[PDB]
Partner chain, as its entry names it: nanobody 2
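Let's start with one chain on its own, the form solved without its partner chain, as structure tokens.
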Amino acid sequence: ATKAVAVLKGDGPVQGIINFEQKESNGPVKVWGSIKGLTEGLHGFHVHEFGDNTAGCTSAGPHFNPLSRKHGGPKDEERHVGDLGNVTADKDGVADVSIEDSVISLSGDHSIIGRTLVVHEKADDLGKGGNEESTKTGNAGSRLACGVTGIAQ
């Protein structure tokens, strides 16, 4: 399996380790791990275009979007490659992430290797919020923690 990992860090208490596994290069990516230091509820969760951490999470740029589409949820045809939707933190502040996605890859043009995984302040509205922002970022708000996605063993 190609395997990857992103270690999320930010200026606040949010931190975690997200694993990626893709046993077959033409199959889906499994995404799992823990994020702690979160407020309870839903948090936007995306792969952004750049693996650039020179100005914290800001320099990651927008959502990874090689096909130049509008923001959506991961179940939508109209989405960014990087749109993984939401993760859910429990009342103890821990999101135990478990996602499977067939649009991102660990190889090829849709590869997220060397790109930044970001967990956001608020819920991703999945492009249904009735404004321009909904259609670019899902209104998920500010970037709480991020990590460059790296090749793992």
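Residue numbers count along the first chain shown, from 1.
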Going by the average Cα B-factor in the PDB entry, point out whether 114-122 or 88-96 comes out higher. 88-96
Entry B factor averaged over C-alpha atoms, 42-50 against 23-31: higher for 23-31
Third assignment of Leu106 from its chain's C-alpha B-factors: middle
Record-listed C-alpha B factor of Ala6: chain third: lowest
Using the temperature factors of the C-alpha atoms in this entry, rank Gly56 within its chain: lowest, middle or highest third. highest
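Absent from the display: the form solved in complex with its partner chain. The rest refers to it.
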At a 4.5 angstroms cut-off on non-hydrogen atoms, which residues of 87-101 are near its partner chain in the deposited complex? List them in order. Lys91, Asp92, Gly93, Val94
